[PDB]
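Okay, so here's the structure we're looking at.
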Amino acid sequence: XXXXXXXXXXXXXXXXXXXXXXXXXXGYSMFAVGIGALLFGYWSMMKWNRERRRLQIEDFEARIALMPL
Amino acid sequence: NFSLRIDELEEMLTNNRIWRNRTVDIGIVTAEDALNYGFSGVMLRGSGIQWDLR
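The following block contains the structure:
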């Protein structure tokens, strides 16, 4: 009996298949989150600066109140 | 396992802005003067003439 190297292909490994595809981001939907984070960013920040004004006037009031200084 | 391994480079190098910035428009030679150098593999095969030895 002769024994040589046997042939096997099975699945053929798929000859040239695309793996690159669009994922997560679509296009217009990313701008809704992108610019949406900006509008949420300013509104949250400016409310803190209005709360800073409560401290600001109260800080300068200490100088006016102190005349024996 | 090879088909996924080679396709890992395309999602790494070809899709990126850097390669479309750097390698794009360097020595665009495809004319009869490009044929007057004789590259056989790539170049003429890569751009222009549909000739191949295979």
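Residue numbers (the deposited numbering), protein chains in the order written: chain Z, 5 to 73; chain D, 217 to 270.
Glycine included, every Cβ here is placed at the ideal spot set by N, Cα and C.
The three-state secondary structure of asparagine 231 (chain D), taken from DSSP, is coil. The Cβ neighbour count for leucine 260 (chain D), taken over all protein chains shown within 10 Å, is at least 16; the residue is labelled buried. Taking 8 Å as the cut-off, the Cβ atoms of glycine 264 (chain D) and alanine 250 (chain D) count as close. The DSSP-derived three-state label of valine 37 (chain Z) is helix. Apart from sequence neighbours up to five positions away, no residue of its chain approaches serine 219 (chain D) with a beta-carbon distance below 8 Å. Listed in chain order, the non-local C-beta contacts of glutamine 266 (chain D) below 8 Å within the same chain number zero, local neighbours out to five positions each way being set aside.
Excluding the 5 residues flanking it on each side, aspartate 223 (chain D) has no same chain C-beta neighbour closer than 7 Å. In this structure, the CA atom of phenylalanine 35 (chain Z) is about 37 Å from the CA atom of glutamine 60 (chain Z).
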